[PDB]
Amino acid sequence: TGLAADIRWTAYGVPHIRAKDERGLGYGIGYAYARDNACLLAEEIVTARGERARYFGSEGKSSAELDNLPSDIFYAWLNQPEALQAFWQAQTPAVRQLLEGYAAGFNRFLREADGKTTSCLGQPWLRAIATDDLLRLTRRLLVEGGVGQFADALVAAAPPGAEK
């Protein structure tokens, strides 16, 4: 509530969001973005939640080309509840409002979508999102320069057996 945005689109579906505060601004961003990329975002949130194998089984890959189950194990490890909470608690009011606005506006588009620009309409993984989801996405991006590049290596890390 108290979420409002004015969106203009110029040639090529470029949005121009105007709002009176961070919450309205995020509202317009998430709504404009869902219109163009709802399914991409839903797919990447699934990955970032470690739910690939839940929806798609163990046989496929994420968009970063990791197997679904090693990818899920890595993201579940990365985006544990306590990591998300500490992360949220360190966000400034303005960033928080940005994020709550985004989630709300993304969700609003999902509520109205009839498939005009959304191909995955009806899939079970196309779902309402939450601020934690965007934190999951954020943390996934942060570690792309670090432990992300060792996701396979982390999953494979097991202690020795009896061998000689």
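Counting begins at 1, following the sequence as shown.
Novice: Output the stretch having the higher mean C-alpha B factor in the entry; the candidates are 40-48 and 63-71.
Specialist: Between 63-71 and 40-48, it is 63-71 that shows the higher mean C-alpha B-factor.
Novice: Could you check the entry and say whether 116-124 or 96-104 has the higher mean CA B-factor?
Specialist: Mean CA B-factor is higher for 116-124.
Novice: For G26, does the deposited CA B-factor place it in the lowest, middle or highest third of the chain?
Specialist: Middle third - that is where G26 ends up once the chain's C-alpha B-factors are sorted.
Novice: State the tercile, meaning the lowest, middle or highest third, of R136 with respect to the CA B-factors recorded for its chain.
Specialist: For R136, whose C-alpha B-factor we compare with every modelled residue in the chain, the answer is the lowest third.
Novice: Can you work out whether the C-alpha temperature factor of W9 puts it in the lowest, middle or highest third of the chain?
Specialist: As the PDB entry reports it, the C-alpha B-factor of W9 lands in the middle third of its chain.
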